[PDB]
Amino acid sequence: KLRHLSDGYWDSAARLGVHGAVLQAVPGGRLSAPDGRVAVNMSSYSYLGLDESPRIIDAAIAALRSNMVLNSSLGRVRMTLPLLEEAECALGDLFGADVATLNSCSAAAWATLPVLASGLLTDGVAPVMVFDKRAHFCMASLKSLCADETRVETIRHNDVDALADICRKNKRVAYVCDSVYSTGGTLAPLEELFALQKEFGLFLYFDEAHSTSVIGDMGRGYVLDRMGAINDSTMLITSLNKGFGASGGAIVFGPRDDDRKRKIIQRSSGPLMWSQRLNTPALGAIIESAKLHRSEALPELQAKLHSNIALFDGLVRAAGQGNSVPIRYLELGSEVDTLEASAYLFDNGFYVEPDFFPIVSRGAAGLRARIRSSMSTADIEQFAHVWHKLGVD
């Protein structure tokens, strides 16, 4: 019955044109409506502006012109195009690990979490799957698929002490979490988790979707940066279209010289086997973005991002102020107030996506902003002016 008012907001969101509408991509991180209104996108997941990189777009087209086919042997043969190998080898040199590409980070979780619960990745010993409470939904929805294979226990957020207790009462334990948490700005306790891993052999499973391109040298990620080189007990899934400037997702199996984890997941029954690989333009974009991630352009993009983050925090008060995570939340009074503010900001040249029930709790709606390197200093200052004029009048 609670759906009575939940979907009631969705219809109010689609009516005002600030949710479920149609806008065109315009250079400069800008969206254009059919009527001619141009606004600056303040919620784009492309944290480095690589979705507008002319190098990446040309490489996607160049790969499609060369191979003259969309399928890289997806939904087809167990063979593979050289493009797909060059793509997974590019991600391999970038991350320093054995990497496989999939059509989405969600497909990576579907292909890894169950077989991880089977012990095939932990020397036949079925581990105890420990999920964080704030783990992403593409992983937590598969808890039952994991439960049919071993014991599943959900602990509260960053409860390192409760996790260590299960590591003492069981021989093999695994922890599934996010490297970077969007809602809350919290981070995975790497120092505490690497201590448990060095003692009990705790298996680590990180979702690096909000961590891949924005954190670490060469944009290797929060986990891979503070760790140095991945081991045989750490596994990463990530999305390659949120800051990486490409498409699909990837499984970061482990050590580059070790083919055992890739073989075990390949020959298992999962999306890595039956589902379709990425199309040629995505693979070409992955290659070019991997080369771009290894050049001096990426640390320059990270600097402009941190620069834009500091500018935003000094001009606008938002939940998450002071983070290194470029996600800010302008918590508004109600869902109706959330929708009307977005409509006002758009007519003055700024789109900010609205969150509400049931995505967020009742009475806790607001506008979800995301900071990217491609935003200019004038864009952020002008947004803070429009945001301040709304509050007063």
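All residue numbers refer to positions in the sequence shown, first residue = 1.
For the two regions 281-289 and 173-181, the entry's Cα B-factors average higher over 173-181. A summary of the deposited B-factors shows that, of 117-125 and 236-244, the stretch with the larger mean C-alpha value is 117-125. Within the listed group 304, 76, 294, 261, the record reports its top CA B-factor for 76. Per the deposited record, 363 carries the highest C-alpha B-factor of all listed residues (54, 326, 49, 363). Ranked within its chain, residue 370 lands in the lowest third, by CA B factor from the PDB record. Compared with the other modelled residues of the chain, the Cα B-factor recorded for residue 230 ranks in the middle third. When the CA B factors of the chain's modelled residues are split into thirds, the value for residue 203 lands in the middle one. In the PDB entry, a CA B factor belonging to the highest third of its chain's modelled residues is recorded for residue 338. Per-chain ranking of the deposited C-alpha B factor places residue 356 in the highest third.
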